[PDB]
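Working notes for the structure below.
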Amino acid sequence: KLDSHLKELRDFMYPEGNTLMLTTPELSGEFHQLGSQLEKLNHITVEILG
Amino acid sequence: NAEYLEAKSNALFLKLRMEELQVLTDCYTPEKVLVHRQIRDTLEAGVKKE
Amino acid sequence: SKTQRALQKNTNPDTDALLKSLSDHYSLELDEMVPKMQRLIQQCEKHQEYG
C-alpha cells in the first residue's frame with residue numbers, strides 16, 4: 001500500500017518523470033503567450049503616443 | 001498573475017482610446033463642423049443632380 | 001504498530017483525498033483559467049488591430 005500510494009502520488013507530481021510539476025503546463029503556455037501579445041500592444045501604444 | 005495581466009491589458013487599451021478621442025475633439029471644432037456641413041450639402045446636391 | 005502510528009500522524013490529508021484534490025484543481029484550471037487567458041489573448045489581438 002505504501003509503495004502504491006508513493007508511486008501514484010509521484011506519477012501525478014512528476015508527469016515527465018524528471019521535473020516537479022507545480023503549474024499546469026497548458027496554463028504556463030497561455031501565460032507566456034499573453035505576456036508576448038501584451039508586450040506587442042505596449043509597443044504599438046508607445047509608437048502612436050510618440 | 002492572471003489578474004495583473006488582465007488589468008495591464010485594459011489600462012493599455014483605455015489609454016489608446018482616450019488619445020484617439022482627444023485627436024477627434026482637436027479635429028472637429030464647431031466652426032469646422034459648420035464648413036464640413038456646407039461641403040456635405042454642396043456634394044449631396046451635386047450627387048443628386050448627376 | 002510504530003509504522004501504523006506514523007501513517008496516522010501523516011494522514012491529514014489522505015492520499016486518495018489529496019490525489020482527488022489535485023485532479024479537481026487541474027480540471028478547474030483547464031475549464032476556467034485557460035479559456036479566460038485565451039479570451040484575454042484574443043482581446044489583445046483586437047486592440048492591436050484597433051491601433
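Observations on the structure shown:
- From A:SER28, A:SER36, residue being farther than 16 Å from C:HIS25 by Cβ, assigned to a helix (DSSP H, G or I) and not hydrophobic (A, V, I, L, M, F, W, C): A:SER36
- If you filter the range A:14-28 down to residues that are exposed (fewer than 13 other Cβ atoms within 10 Å of the Cβ) and of a type outside the set (S, T, N, Q), you find that the one that is nearest to B:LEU12 (Cα to Cα) is A:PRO25.
- Meets criteria (touching a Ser or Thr at 6+ places or on another chain (Cβ under 8 Å), in a helix (DSSP H, G or I) and of a type outside the set (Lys, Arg)) for B:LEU12: yes
- Scope the range A:2-45; condition of a type in the set (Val, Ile, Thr) and farther than 17 Å from C:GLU49 by Cβ; matching residues: A:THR19, A:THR23, A:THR24
- Near pairs, Cβ below 6 angstrom, 6+ apart or cross-chain, from the range C:11-34 (more than 14 Å from A:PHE12 (Cα to Cα)) to any residue that is assigned to a loop (DSSP other than H, G, I, E, B): C:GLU29/A:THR24
- Among residues of the range A:10-50, those that are over 18 Å from the mean Cα position of the chain (by Cα), of a type in the set (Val, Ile, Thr) and facing another protein chain (nearest Cβ under 7 Å), counted: 3
- Here chain B is the region considered, the condition is being within 14 Å of chain C (Cβ to nearest Cβ) and of a type in the set (D, E, K, R), and the residue that is nearest to the chain's Cα centre (by Cα) is B:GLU20.
Methodologically, a virtual Cβ is constructed for each residue, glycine included, from the backbone with ideal geometry; neighbour enumeration extends over all protein chains shown. Readers should treat all values here as calculations from the given coordinates under stated rules, not as data from a laboratory.
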